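In the form deposited without the ligand, a lone chain appears below as C-alpha cells.
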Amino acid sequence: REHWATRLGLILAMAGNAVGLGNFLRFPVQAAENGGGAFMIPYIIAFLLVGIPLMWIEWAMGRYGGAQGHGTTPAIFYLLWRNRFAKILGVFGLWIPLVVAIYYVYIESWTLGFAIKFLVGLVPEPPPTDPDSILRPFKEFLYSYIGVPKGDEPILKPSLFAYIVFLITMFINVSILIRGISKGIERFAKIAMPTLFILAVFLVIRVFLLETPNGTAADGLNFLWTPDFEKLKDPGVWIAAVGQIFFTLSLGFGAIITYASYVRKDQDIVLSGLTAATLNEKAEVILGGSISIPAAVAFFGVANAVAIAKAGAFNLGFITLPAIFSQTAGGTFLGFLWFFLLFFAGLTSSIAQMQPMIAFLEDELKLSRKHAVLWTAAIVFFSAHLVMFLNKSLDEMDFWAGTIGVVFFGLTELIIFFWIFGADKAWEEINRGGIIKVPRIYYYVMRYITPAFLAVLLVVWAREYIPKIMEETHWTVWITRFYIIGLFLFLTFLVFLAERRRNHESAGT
C-alpha cells in the first residue's frame, strides 16, 4: 500500500488539500458579508472548538483505517463500529467529496481559462473612471465565458474555450492522480505550495500599494480585523463562521481521512495535523483576507466592497479584482498571477476531492490505480455537465454536499469515533506515535463541547433554513437533487458489491 515518502511532502500535501479556492474566494466574501471583524470572533472560536478537534479525529481514523488496508469511511466506519448502518453512513464519505469535486473542478477550470487569457492579453479594455463602466466589461467577459442565460430559461451555454479548458483541467488532475500518492500528489505538493505562497505574498504586497481617493488597502484590513461585539449575538454569523471552517479545513468530506490512511501506522498525526491546519489558517486570513477585501476597499470604499461581497461568490474574484487590476500598471499580468494562484490552490484541493473515490475502488473493489483514476475522472467529468449547462445546479450541489452534508458528517464521525468506539480508545489512537501530545483539555472538547456545539448549530440551522427547502424554489433544482440522490444510490451499490466480493474471498480461504 502507498505511503507518504517524506514528512514535508505529507505536510505540504495536507496543506494543499486544505488551502484552496476557499482561502482566496470564500473567506473574504464570508468575512465581508458578516461585518468583517464580526466574522472573526466566531471564526476563531470555531477553529479552536471544531476545526482543530475534528482535524485530529480525521487523521486518527485515516491512519487507523490505513493500517488495515482501508482508506474510506464505508469500511472505516465498520471497523470502529460493527454495524451494517455504519457502512451506509460511510457512503457520505464517498458521496460528499465526489459531489464537491464535480462543481469545484469546474470553478477550478475557470481560473485556468482566465489565467491563460490574461497571459495572452485576451482581456476586455475598460475606458480610461465610472465604477459601472469598468466592471461591466468584466462582467461581460465572465458571463460570456460560462454562458450565463440571456433568456428566461435556466440554461447555460458556456463557450468552446471554457469547455475545452475543462477537459484540460480534468487531464491535469488525472495526470497527477495517476502517478499515485508519493510520486503524484506528493511531488506536486512540494512544487505547488511554495509557488502558491510566493505568488500570494507578491499579490498581498502589490495590493498594499493600491492607493485611491476612495481609500487604501489599510482601510480594508482595519475593517476585517476590527471586531464588533453586537454582531456576535446573531446565529447567522456563527453559522457562516462554522461553515467556512469545515470548508477550509476540508473537514467532514472524508478527504482528510483518505490522505491520512497513507500515513504509516505509528507515524505522528498530532503535530503533523496541527501544522497543516496552521498553514491553511495563515494562508486564509493572512493571505486570503489581504488580497480580495483590501483591493476592493481601496478602489470602492468599505460600504461598496461589502456590497460587492454580497452580490456574488465569484463577483469579487472574477469580476471586481480583475477590473481593479486593469486600472493599475501591468494590471493584466497581475490578473494572471491572481488567477494562476487560484488555479494552483484549486488544483491541489481537487485531487484531494477525487482521491477518496479512487481509494475506495482500489481498497474495496481491488482496482488498479490506472482504472480507479480513469473511471473516477469519467464520473466526475460526465456529472460536471449538469453544473456546466444547468443554471443554479452548482449552488444546489454546494448547499447539500458543501454545507449541510459536511456538518452532519463531521458530527457523525465524531460520535462514531468517540462515543460508539469509546473515548479512551479514540484518545490513545489519536495521541499514539505523536511527536507531541494533544492537550488534556481537548479530550473534553472532543467528547463533550464539540458534539454539543455542532448539534445545537444544526438544530438552529434546521429551524430557519429547513422551511426553505422545497417550500419555494425553481423546479430545476430537482434535476440536481435527483441526480445526486442517484449518485448516493450508485455508491451504495458499489459498497454492496465490495462487501459481497469480500465474502467470496473470505470463503476462499
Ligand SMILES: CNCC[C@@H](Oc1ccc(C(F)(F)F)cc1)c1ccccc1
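Residue indices: 1-based, along the sequence shown.
Beyond the structure shown, there is the form deposited with the ligand bound, which is absent from this document and is the topic of what follows.
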property: Residue contact check: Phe336 to the ligand in the bound PDB entry, 4.5 Å heavy atom; result: no
property: The ligand contact at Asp398 in the bound PDB entry, heavy atom, 4.5 Å; result: yes
property: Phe314, heavy atom within 4.5 angstroms of the ligand in the bound PDB entry; result: yes
property: Touches the ligand in the bound PDB entry: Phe138 (any heavy atom, 4.5 Å); result: no
property: Option touching the ligand, based on a heavy atom within 4.5 Å in the bound PDB entry, out of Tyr103, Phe418, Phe223, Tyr262; result: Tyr103
property: Interface residues of 1-32 toward the ligand, as seen in the bound PDB entry [heavy atoms, 4.5 Å]; result: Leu21, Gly22, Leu25, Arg26, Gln30
